[PDB]
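Take a look at the structure below.
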4 protein chains.
Amino acid sequence: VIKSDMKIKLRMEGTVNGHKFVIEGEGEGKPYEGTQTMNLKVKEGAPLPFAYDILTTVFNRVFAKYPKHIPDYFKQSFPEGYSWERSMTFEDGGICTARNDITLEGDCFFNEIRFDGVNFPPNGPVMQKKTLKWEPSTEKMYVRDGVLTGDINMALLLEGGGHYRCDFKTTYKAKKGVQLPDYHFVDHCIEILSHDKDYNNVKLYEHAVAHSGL
Amino acid sequence: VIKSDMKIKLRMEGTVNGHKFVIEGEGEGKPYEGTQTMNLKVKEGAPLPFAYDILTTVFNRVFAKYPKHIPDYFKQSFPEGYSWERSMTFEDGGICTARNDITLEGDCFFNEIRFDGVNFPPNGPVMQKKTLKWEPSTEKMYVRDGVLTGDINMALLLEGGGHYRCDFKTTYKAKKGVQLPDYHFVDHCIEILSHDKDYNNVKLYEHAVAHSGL
Amino acid sequence: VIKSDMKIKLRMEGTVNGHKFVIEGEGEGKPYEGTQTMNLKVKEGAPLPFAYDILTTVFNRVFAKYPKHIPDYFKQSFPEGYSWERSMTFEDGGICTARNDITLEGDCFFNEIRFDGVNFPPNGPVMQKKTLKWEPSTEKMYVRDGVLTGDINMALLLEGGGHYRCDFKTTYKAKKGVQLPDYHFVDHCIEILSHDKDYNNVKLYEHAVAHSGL
Amino acid sequence: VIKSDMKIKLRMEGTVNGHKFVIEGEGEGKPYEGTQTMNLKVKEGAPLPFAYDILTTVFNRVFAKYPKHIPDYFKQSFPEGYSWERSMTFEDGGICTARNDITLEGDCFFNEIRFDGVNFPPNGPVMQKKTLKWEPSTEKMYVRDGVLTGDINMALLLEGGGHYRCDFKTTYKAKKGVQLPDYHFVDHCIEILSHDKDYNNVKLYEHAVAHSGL
């Protein structure tokens with residue numbers, strides 16, 4: 001059962017620009033307020049040679065405030081749960097694929113995550129670590145072949161002001177039948193609360209609220 | 001000077017799938033409430049053989065409610081005014097280019113518009129007229145090389161429920177120096193209020209509100 | 001009837017970055033050797049403020065050497081003839097749409113052409129005129145919904161060596177039924193033979209040879 | 001040293017549509033004739049629930065016939081060797097990322113490969129196994145930030161004739177300084193010679209020839 005306070009555990013294995021890494025995270029959140037925080041620790045591949053920000057949005061749409069009038073694809077899916085797949089296409093040709101298989105055991109969400117990144121330019125903001133944060137965003141959610149897709153126009157703020165664009169397309173797949181939502185939106189804001197020098201340690205917060213637009 | 005009630009006049013010349021057309025419109029709006037309505041009349045190329053909806057978002061971001069804390073690129077640009085260029089990339093490979101050069105004379109906005117569409121599949125929703133409306137959207141606005149870009153994940157609702165995606169990228173260019181806004185959003189909803197059988201006559205409404213996200 | 005020497009006449013009307021222009025061309029070619037040359041003259045909008053090279057590949061696949069074993073979509077279509085539509089998507093977000101409606105009258109191909117370009121960055125190679133030529137290419141031709149598509153990975157050579165990529169997708173539509181070709185290729189090389197300082201006058205050559213690959 | 005007959009060993013680990021798998025291959029080739037063959041055996045994740053063809057072009061551009069006038073980026077890189085990264089963007093939104101780190105030991109090329117695929121539609125040709133083969137192709141090779149990129153318009157032939165497009169962008173990175181080639185092409189043909197019912201066993205051939213175009 002999904003309570004008002006829930007715990008998060010995760011392990012991400014991945015490779016960006018040939019660099020292998022493993023990251024583990026523990027935290028907690030409030031599913032009905034659409035908030036969560038976690039602490040993340042690089043287990044292998046430190047120091048990461050790329051912008052930590054490309055990972056952060058991979059680190060669960062259960063953590064979203066859903067109003068009564070929009071069916072909540074994520075909450076309805078448990079105890080069985082759900083998985084997602086995502087591509088991230090950056091404007092200079094960097095591409096990431098990502099996935100998360102989310103299970104519930106007691107009061108804790110377990111997150112098995114793969115992340116893979118290719119074709120980032122050597123002098124781009126990713127490989128030179130010139131990103132500051134992701135701007136807030138609005139994810140456009142709709143049903144396509146019986147599952148939920150979310151598309152997002154994401155943007156990283158860069159050093160010197162200036163933006164670097166990435167398009168997300170995520171497919172969310174419930175492991176049981178649930179009532180499918182009509183087209184709707186989820187506003188997102190995501191923030192690195194703290195970190196140490198090489199991002200070996202990172203405290204990371206998210207707020208998500210689902211809505212119907214104007 | 002931009003007053004609380006302003007008038008709209010326009011002429012669009014274009015070609016979609018080889019089909020030439022001319023459309024003229026007259027209407028009015030409230031720039032500070034971010035609302036406008038117009039009546040449109042096909043002058044040449046009737047009956048249009050494609051979904052009228054691909055044109056509608058081409059039929060002025062002056063008509064947007066801007067809160068005090070976000071510089072209003074569009075209003076600041078007058079009396080001199082501004083122009084925009086847009087590409088629309090549809091998910092089945094249909095591409096449109098569009099432009100509007102906007103002038104102010106008295107209480108009336110004049111809009112000189114070109115629209116061009118290519119590579120729509122013969123059995124796609126556009127050429128078969130299977131679109132119902134554009135979902136509301138949120139445009140992500142940011143400065144790039146000293147002018148304003150807006151990117152949007154747009155979606156047409158189709159007959160049978162089901163969606164058809166299009167990505168908009170618009171470059172907005174003021175004809176004088178204005179104070180540039182930080183990254184921000186504009187929510188949009190657009191609606192065909194009425195039309196006759198072949199869309200020779202169309203009454204078209206828009207609401208736009210600029211904001212800073214979560 | 002399509003003879004071994006044929007003549008070319010054309011008029012292109014278009015707008016790039018807001019700049020309106022008209023170009024007319026006359027030349028000639030050898031349809032069965034897959035060669036053609038033309039002289040082009042800017043009629044309106046001189047001096048063009050963008051790289052002339054973005055137009056050149058818009059200035060007829062009749063001019064292609066087709067071996068016996070691949071049906072020749074272009075030649076088979078006359079006397080009735082054919083039209084095409086093209087999008088050109090550049091790697092920095094510049095997009096062009098283009099079209100040509102091709103008629104035969106006597107020994108002369110008439111070409112009615114529209115060209116429209118948007119969202120070229122102010123300091124990009126297009127607006128700064130930093131292009132040198134298009135590399136040769138290979139167009140991948142295939143049938144899709146009963147008409148012929150060609151896709152191409154095009155690249156402009158830039159000043160300083162260095163390349164600027166553009167993807168072409170063209171839909172070719174015969175005005176009668178013809179025997180449809182299986183997947184095949186057309187190699188292309190295109191060359192500005194001469195021009196005057198502001199490209200008001202341009203001599204332009206093309207060679208095209210269709211083939212079946214390795 | 002790269003001799004006229006060379007051996008191939010490889011291991012691919014990957015996940016497509018959530019399905020984990022491991023494949024190992026052994027074979028051999030002629031680097032200067034640009035030919036190679038290998039036998040592949042699914043070690044984990046049998047039976048694969050997706051079209052084996054999406055993997056095949058991931059299963060070394062050392063195996064390419066390079067004429068004297070084009071510097072051979074791949075051969076020049078050994079004994080040190082090289083790695084590549086690739087994205088594959090399919091026309092219905094399926095995306096794969098891939099990589100290969102290639103080492104030389106004695107007469108044998110070792111290939112450490114990761115493959116990851118997301119967002120393939122449930123009724124698309126990939127998940128329904130409706131692919132027949134990759135058409136031959138031509139890869140456009142050019143230098144970008146001091147390393148070699150190859151772009152390709154790939155197409156799978158489908159059951160019922162009909163094609164399914166994928167764009168490849170690969171970054172090839174030599175592990176020492178080599179003489180960089182000018183823009184050039186590599187023609188490719190790739191063929192499943194034999195396989196058993198569930199593609200647990202696959203015999204796979206490639207021919208690659210580098211050239212300068214028309």
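Each chain in the structure tokens gets a letter, A, B, ..., in the order shown, and its residues are numbered from 1; ligands are numbered from 1 in order too.
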
Output chain C as a PDB file with C-alpha atoms, in the first residue's frame, after least-squares fitting it to chain B on all in-order C-alpha pairs.
```pdb
ATOM      1  CA  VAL C   1       0.259  52.325 -28.174  1.00  0.00           C
ATOM      2  CA  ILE C   2      -1.054  48.887 -27.063  1.00  0.00           C
ATOM      3  CA  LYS C   3      -4.504  49.405 -25.447  1.00  0.00           C
ATOM      4  CA  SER C   4      -6.817  46.983 -23.622  1.00  0.00           C
ATOM      5  CA  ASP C   5      -8.785  46.291 -26.827  1.00  0.00           C
ATOM      6  CA  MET C   6      -6.941  45.875 -30.035  1.00  0.00           C
ATOM      7  CA  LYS C   7      -7.901  44.770 -33.556  1.00  0.00           C
ATOM      8  CA  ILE C   8      -6.422  42.082 -35.802  1.00  0.00           C
ATOM      9  CA  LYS C   9      -6.117  41.911 -39.602  1.00  0.00           C
ATOM     10  CA  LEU C  10      -4.261  39.255 -41.531  1.00  0.00           C
ATOM     11  CA  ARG C  11      -3.551  37.620 -44.825  1.00  0.00           C
ATOM     12  CA  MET C  12      -1.956  34.151 -45.104  1.00  0.00           C
ATOM     13  CA  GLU C  13      -0.604  32.937 -48.487  1.00  0.00           C
ATOM     14  CA  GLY C  14       0.596  29.330 -48.563  1.00  0.00           C
ATOM     15  CA  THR C  15       0.904  25.919 -50.193  1.00  0.00           C
ATOM     16  CA  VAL C  16       0.314  22.531 -48.487  1.00  0.00           C
ATOM     17  CA  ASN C  17       0.826  19.213 -50.429  1.00  0.00           C
ATOM     18  CA  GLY C  18       1.027  21.340 -53.631  1.00  0.00           C
ATOM     19  CA  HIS C  19      -2.358  23.051 -52.920  1.00  0.00           C
ATOM     20  CA  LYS C  20      -2.150  26.827 -53.102  1.00  0.00           C
ATOM     21  CA  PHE C  21      -4.449  28.961 -50.846  1.00  0.00           C
ATOM     22  CA  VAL C  22      -5.037  32.463 -49.457  1.00  0.00           C
ATOM     23  CA  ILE C  23      -6.798  33.174 -46.166  1.00  0.00           C
ATOM     24  CA  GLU C  24      -7.815  36.581 -44.658  1.00  0.00           C
ATOM     25  CA  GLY C  25      -8.898  37.155 -41.107  1.00  0.00           C
ATOM     26  CA  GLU C  26     -10.287  39.985 -38.986  1.00  0.00           C
ATOM     27  CA  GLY C  27     -10.856  40.003 -35.267  1.00  0.00           C
ATOM     28  CA  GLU C  28      -9.930  41.502 -32.029  1.00  0.00           C
ATOM     29  CA  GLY C  29      -8.412  40.805 -28.616  1.00  0.00           C
ATOM     30  CA  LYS C  30      -7.385  41.942 -25.154  1.00  0.00           C
ATOM     31  CA  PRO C  31      -3.493  42.041 -25.078  1.00  0.00           C
ATOM     32  CA  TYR C  32      -3.316  42.318 -21.241  1.00  0.00           C
ATOM     33  CA  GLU C  33      -5.852  39.500 -20.644  1.00  0.00           C
ATOM     34  CA  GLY C  34      -4.051  37.347 -23.258  1.00  0.00           C
ATOM     35  CA  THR C  35      -7.209  36.616 -25.285  1.00  0.00           C
ATOM     36  CA  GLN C  36      -8.155  37.091 -29.015  1.00  0.00           C
ATOM     37  CA  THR C  37     -10.748  35.911 -31.546  1.00  0.00           C
ATOM     38  CA  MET C  38     -10.894  36.179 -35.252  1.00  0.00           C
ATOM     39  CA  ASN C  39     -13.030  35.213 -38.190  1.00  0.00           C
ATOM     40  CA  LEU C  40     -11.207  33.686 -41.145  1.00  0.00           C
ATOM     41  CA  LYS C  41     -12.296  33.395 -44.749  1.00  0.00           C
ATOM     42  CA  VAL C  42     -10.617  31.276 -47.462  1.00  0.00           C
ATOM     43  CA  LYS C  43     -10.071  33.676 -50.389  1.00  0.00           C
ATOM     44  CA  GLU C  44      -8.407  31.181 -52.772  1.00  0.00           C
ATOM     45  CA  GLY C  45      -7.912  27.454 -52.881  1.00  0.00           C
ATOM     46  CA  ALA C  46     -11.317  26.434 -51.453  1.00  0.00           C
ATOM     47  CA  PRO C  47     -12.230  23.741 -50.508  1.00  0.00           C
ATOM     48  CA  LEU C  48      -8.914  23.119 -48.566  1.00  0.00           C
ATOM     49  CA  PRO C  49      -8.002  19.439 -48.938  1.00  0.00           C
ATOM     50  CA  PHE C  50      -6.083  19.306 -45.568  1.00  0.00           C
ATOM     51  CA  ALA C  51      -6.925  19.584 -41.799  1.00  0.00           C
ATOM     52  CA  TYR C  52      -7.603  23.216 -41.067  1.00  0.00           C
ATOM     53  CA  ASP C  53      -6.029  22.713 -37.572  1.00  0.00           C
ATOM     54  CA  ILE C  54      -2.416  22.800 -38.931  1.00  0.00           C
ATOM     55  CA  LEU C  55      -2.975  26.554 -39.701  1.00  0.00           C
ATOM     56  CA  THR C  56      -4.639  27.716 -36.590  1.00  0.00           C
ATOM     57  CA  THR C  57      -1.596  28.340 -34.364  1.00  0.00           C
ATOM     58  CA  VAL C  58      -0.123  30.439 -37.231  1.00  0.00           C
ATOM     59  CA  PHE C  59      -3.203  32.693 -37.099  1.00  0.00           C
ATOM     60  CA  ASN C  60       0.769  37.037 -32.149  1.00  0.00           C
ATOM     61  CA  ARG C  61       2.267  36.667 -28.687  1.00  0.00           C
ATOM     62  CA  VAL C  62       1.269  40.266 -27.856  1.00  0.00           C
ATOM     63  CA  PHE C  63      -1.952  38.431 -26.940  1.00  0.00           C
ATOM     64  CA  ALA C  64      -0.554  36.892 -23.743  1.00  0.00           C
ATOM     65  CA  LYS C  65      -0.999  37.846 -20.109  1.00  0.00           C
ATOM     66  CA  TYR C  66       2.543  38.643 -18.828  1.00  0.00           C
ATOM     67  CA  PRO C  67       2.982  38.975 -14.999  1.00  0.00           C
ATOM     68  CA  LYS C  68       5.153  41.965 -13.785  1.00  0.00           C
ATOM     69  CA  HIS C  69       8.290  39.786 -12.980  1.00  0.00           C
ATOM     70  CA  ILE C  70       8.801  38.441 -16.541  1.00  0.00           C
ATOM     71  CA  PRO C  71       9.832  40.989 -19.221  1.00  0.00           C
ATOM     72  CA  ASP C  72       7.257  41.060 -22.006  1.00  0.00           C
ATOM     73  CA  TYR C  73       9.323  40.682 -25.226  1.00  0.00           C
ATOM     74  CA  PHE C  74       6.210  41.236 -27.425  1.00  0.00           C
ATOM     75  CA  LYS C  75       4.641  44.347 -25.917  1.00  0.00           C
ATOM     76  CA  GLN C  76       8.026  46.074 -25.422  1.00  0.00           C
ATOM     77  CA  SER C  77       8.750  45.725 -29.101  1.00  0.00           C
ATOM     78  CA  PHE C  78       6.045  48.160 -30.327  1.00  0.00           C
ATOM     79  CA  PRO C  79       5.477  50.668 -31.933  1.00  0.00           C
ATOM     80  CA  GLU C  80       8.335  49.175 -34.039  1.00  0.00           C
ATOM     81  CA  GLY C  81       6.972  45.651 -33.613  1.00  0.00           C
ATOM     82  CA  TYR C  82       8.390  42.221 -34.471  1.00  0.00           C
ATOM     83  CA  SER C  83       8.476  39.166 -36.742  1.00  0.00           C
ATOM     84  CA  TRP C  84       8.564  35.377 -36.175  1.00  0.00           C
ATOM     85  CA  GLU C  85       9.558  32.182 -38.114  1.00  0.00           C
ATOM     86  CA  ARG C  86       8.448  28.732 -37.124  1.00  0.00           C
ATOM     87  CA  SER C  87       9.035  25.175 -38.098  1.00  0.00           C
ATOM     88  CA  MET C  88       6.473  22.544 -37.255  1.00  0.00           C
ATOM     89  CA  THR C  89       7.828  18.971 -37.356  1.00  0.00           C
ATOM     90  CA  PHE C  90       5.078  16.310 -37.237  1.00  0.00           C
ATOM     91  CA  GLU C  91       5.723  12.830 -36.054  1.00  0.00           C
ATOM     92  CA  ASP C  92       4.922  11.149 -39.422  1.00  0.00           C
ATOM     93  CA  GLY C  93       7.395  13.427 -41.256  1.00  0.00           C
ATOM     94  CA  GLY C  94       5.004  16.231 -42.349  1.00  0.00           C
ATOM     95  CA  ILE C  95       6.922  19.580 -42.036  1.00  0.00           C
ATOM     96  CA  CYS C  96       5.602  23.086 -42.100  1.00  0.00           C
ATOM     97  CA  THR C  97       7.439  26.377 -42.191  1.00  0.00           C
ATOM     98  CA  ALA C  98       5.627  29.552 -41.270  1.00  0.00           C
ATOM     99  CA  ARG C  99       6.224  33.241 -40.693  1.00  0.00           C
ATOM    100  CA  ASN C 100       4.409  36.384 -39.586  1.00  0.00           C
ATOM    101  CA  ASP C 101       5.594  39.958 -39.865  1.00  0.00           C
ATOM    102  CA  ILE C 102       3.474  41.979 -37.362  1.00  0.00           C
ATOM    103  CA  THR C 103       2.969  45.751 -37.676  1.00  0.00           C
ATOM    104  CA  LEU C 104       0.943  48.207 -35.614  1.00  0.00           C
ATOM    105  CA  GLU C 105      -1.139  50.959 -37.281  1.00  0.00           C
ATOM    106  CA  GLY C 106      -3.648  52.778 -35.038  1.00  0.00           C
ATOM    107  CA  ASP C 107      -5.498  50.172 -32.958  1.00  0.00           C
ATOM    108  CA  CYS C 108      -4.961  47.288 -35.480  1.00  0.00           C
ATOM    109  CA  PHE C 109      -2.305  44.548 -35.748  1.00  0.00           C
ATOM    110  CA  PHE C 110      -1.512  43.713 -39.399  1.00  0.00           C
ATOM    111  CA  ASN C 111      -0.137  40.217 -39.962  1.00  0.00           C
ATOM    112  CA  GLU C 112       1.649  39.280 -43.211  1.00  0.00           C
ATOM    113  CA  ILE C 113       1.879  35.417 -43.072  1.00  0.00           C
ATOM    114  CA  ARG C 114       3.434  32.757 -45.269  1.00  0.00           C
ATOM    115  CA  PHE C 115       2.674  29.037 -44.583  1.00  0.00           C
ATOM    116  CA  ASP C 116       4.229  26.038 -46.408  1.00  0.00           C
ATOM    117  CA  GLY C 117       3.661  22.338 -45.795  1.00  0.00           C
ATOM    118  CA  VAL C 118       5.371  19.280 -47.263  1.00  0.00           C
ATOM    119  CA  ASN C 119       5.581  15.498 -46.985  1.00  0.00           C
ATOM    120  CA  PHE C 120       2.275  14.820 -45.296  1.00  0.00           C
ATOM    121  CA  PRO C 121       1.409  11.121 -45.874  1.00  0.00           C
ATOM    122  CA  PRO C 122      -1.686  10.705 -48.171  1.00  0.00           C
ATOM    123  CA  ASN C 123      -3.475   8.575 -45.512  1.00  0.00           C
ATOM    124  CA  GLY C 124      -2.236  10.589 -42.495  1.00  0.00           C
ATOM    125  CA  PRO C 125      -4.655  12.591 -40.232  1.00  0.00           C
ATOM    126  CA  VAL C 126      -3.728  15.844 -41.986  1.00  0.00           C
ATOM    127  CA  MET C 127      -4.644  14.883 -45.582  1.00  0.00           C
ATOM    128  CA  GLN C 128      -7.601  12.744 -44.411  1.00  0.00           C
ATOM    129  CA  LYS C 129      -8.928  15.556 -42.090  1.00  0.00           C
ATOM    130  CA  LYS C 130      -9.003  13.332 -38.957  1.00  0.00           C
ATOM    131  CA  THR C 131      -7.927  16.086 -36.433  1.00  0.00           C
ATOM    132  CA  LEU C 132     -10.324  17.384 -33.727  1.00  0.00           C
ATOM    133  CA  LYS C 133      -8.308  20.057 -31.913  1.00  0.00           C
ATOM    134  CA  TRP C 134      -4.903  20.952 -30.464  1.00  0.00           C
ATOM    135  CA  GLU C 135      -4.522  20.009 -26.831  1.00  0.00           C
ATOM    136  CA  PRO C 136      -3.550  22.916 -24.569  1.00  0.00           C
ATOM    137  CA  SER C 137       0.195  23.347 -24.420  1.00  0.00           C
ATOM    138  CA  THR C 138       3.096  24.994 -22.664  1.00  0.00           C
ATOM    139  CA  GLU C 139       5.651  26.845 -24.738  1.00  0.00           C
ATOM    140  CA  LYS C 140       9.214  26.953 -23.259  1.00  0.00           C
ATOM    141  CA  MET C 141      10.595  30.469 -23.935  1.00  0.00           C
ATOM    142  CA  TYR C 142      14.400  31.286 -23.772  1.00  0.00           C
ATOM    143  CA  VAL C 143      16.959  33.633 -25.235  1.00  0.00           C
ATOM    144  CA  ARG C 144      19.326  32.270 -27.882  1.00  0.00           C
ATOM    145  CA  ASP C 145      21.716  34.627 -29.841  1.00  0.00           C
ATOM    146  CA  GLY C 146      19.978  37.692 -28.499  1.00  0.00           C
ATOM    147  CA  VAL C 147      16.407  36.811 -29.666  1.00  0.00           C
ATOM    148  CA  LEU C 148      13.578  34.772 -28.168  1.00  0.00           C
ATOM    149  CA  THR C 149      12.950  31.146 -29.020  1.00  0.00           C
ATOM    150  CA  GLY C 150       9.848  29.197 -28.071  1.00  0.00           C
ATOM    151  CA  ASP C 151       9.735  25.382 -28.228  1.00  0.00           C
ATOM    152  CA  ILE C 152       6.463  23.392 -27.836  1.00  0.00           C
ATOM    153  CA  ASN C 153       5.388  19.731 -27.618  1.00  0.00           C
ATOM    154  CA  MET C 154       2.126  20.107 -29.441  1.00  0.00           C
ATOM    155  CA  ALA C 155      -0.446  17.368 -29.941  1.00  0.00           C
ATOM    156  CA  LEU C 156      -3.609  17.136 -32.138  1.00  0.00           C
ATOM    157  CA  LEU C 157      -6.454  15.071 -30.678  1.00  0.00           C
ATOM    158  CA  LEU C 158      -7.609  12.603 -33.382  1.00  0.00           C
ATOM    159  CA  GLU C 159     -10.980  10.951 -34.233  1.00  0.00           C
ATOM    160  CA  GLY C 160     -11.066   7.831 -32.043  1.00  0.00           C
ATOM    161  CA  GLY C 161      -9.044   9.553 -29.267  1.00  0.00           C
ATOM    162  CA  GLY C 162      -5.432   8.943 -29.995  1.00  0.00           C
ATOM    163  CA  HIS C 163      -2.865  11.769 -30.566  1.00  0.00           C
ATOM    164  CA  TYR C 164      -0.655  13.113 -33.333  1.00  0.00           C
ATOM    165  CA  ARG C 165       2.452  14.979 -32.233  1.00  0.00           C
ATOM    166  CA  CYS C 166       4.162  18.012 -33.631  1.00  0.00           C
ATOM    167  CA  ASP C 167       7.186  19.901 -32.389  1.00  0.00           C
ATOM    168  CA  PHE C 168       7.184  23.715 -32.865  1.00  0.00           C
ATOM    169  CA  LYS C 169      10.347  25.787 -32.708  1.00  0.00           C
ATOM    170  CA  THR C 170       9.645  29.547 -33.231  1.00  0.00           C
ATOM    171  CA  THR C 171      12.244  32.361 -33.387  1.00  0.00           C
ATOM    172  CA  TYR C 172      10.709  35.765 -32.317  1.00  0.00           C
ATOM    173  CA  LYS C 173      12.648  38.846 -33.390  1.00  0.00           C
ATOM    174  CA  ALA C 174      11.943  42.346 -31.962  1.00  0.00           C
ATOM    175  CA  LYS C 175      12.744  45.252 -34.351  1.00  0.00           C
ATOM    176  CA  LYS C 176      14.354  47.331 -31.561  1.00  0.00           C
ATOM    177  CA  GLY C 177      16.245  46.557 -28.384  1.00  0.00           C
ATOM    178  CA  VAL C 178      14.061  45.383 -25.541  1.00  0.00           C
ATOM    179  CA  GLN C 179      14.822  43.927 -22.115  1.00  0.00           C
ATOM    180  CA  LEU C 180      15.295  40.116 -22.656  1.00  0.00           C
ATOM    181  CA  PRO C 181      13.337  37.689 -20.431  1.00  0.00           C
ATOM    182  CA  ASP C 182      14.825  34.820 -18.444  1.00  0.00           C
ATOM    183  CA  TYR C 183      13.615  31.316 -19.250  1.00  0.00           C
ATOM    184  CA  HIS C 184       9.879  31.144 -18.771  1.00  0.00           C
ATOM    185  CA  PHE C 185       6.666  29.497 -20.011  1.00  0.00           C
ATOM    186  CA  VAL C 186       3.505  30.453 -21.910  1.00  0.00           C
ATOM    187  CA  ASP C 187       0.441  28.200 -21.496  1.00  0.00           C
ATOM    188  CA  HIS C 188      -1.784  28.221 -24.601  1.00  0.00           C
ATOM    189  CA  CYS C 189      -5.303  26.955 -25.406  1.00  0.00           C
ATOM    190  CA  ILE C 190      -6.700  27.414 -28.919  1.00  0.00           C
ATOM    191  CA  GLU C 191     -10.185  26.559 -30.096  1.00  0.00           C
ATOM    192  CA  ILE C 192     -12.234  26.556 -33.337  1.00  0.00           C
ATOM    193  CA  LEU C 193     -15.457  28.207 -31.942  1.00  0.00           C
ATOM    194  CA  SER C 194     -17.387  27.608 -35.159  1.00  0.00           C
ATOM    195  CA  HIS C 195     -16.917  26.768 -38.778  1.00  0.00           C
ATOM    196  CA  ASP C 196     -18.907  25.903 -41.900  1.00  0.00           C
ATOM    197  CA  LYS C 197     -18.693  22.490 -43.652  1.00  0.00           C
ATOM    198  CA  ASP C 198     -15.462  22.975 -45.688  1.00  0.00           C
ATOM    199  CA  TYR C 199     -13.837  25.420 -43.174  1.00  0.00           C
ATOM    200  CA  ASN C 200     -14.254  28.309 -45.701  1.00  0.00           C
ATOM    201  CA  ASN C 201     -15.447  30.267 -42.632  1.00  0.00           C
ATOM    202  CA  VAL C 202     -13.821  29.815 -39.225  1.00  0.00           C
ATOM    203  CA  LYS C 203     -14.192  31.517 -35.868  1.00  0.00           C
ATOM    204  CA  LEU C 204     -10.995  30.957 -33.853  1.00  0.00           C
ATOM    205  CA  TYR C 205     -10.122  31.748 -30.230  1.00  0.00           C
ATOM    206  CA  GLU C 206      -6.868  31.728 -28.238  1.00  0.00           C
ATOM    207  CA  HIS C 207      -5.891  32.182 -24.587  1.00  0.00           C
ATOM    208  CA  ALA C 208      -2.222  32.614 -23.606  1.00  0.00           C
ATOM    209  CA  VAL C 209      -0.773  33.189 -20.032  1.00  0.00           C
ATOM    210  CA  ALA C 210       3.030  33.561 -19.357  1.00  0.00           C
ATOM    211  CA  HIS C 211       4.444  32.104 -16.096  1.00  0.00           C
ATOM    212  CA  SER C 212       7.629  30.867 -14.247  1.00  0.00           C
ATOM    213  CA  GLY C 213       6.755  27.186 -13.558  1.00  0.00           C
ATOM    214  CA  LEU C 214       6.445  25.168 -10.301  1.00  0.00           C
TER     215      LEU C 214
END
```

Please run DSSP on the backbone and report, as a ChimeraX atom specification, all residues within stretch 1-173 of chain A that come out as helix (DSSP H, G or I). /A:53-56,73-76
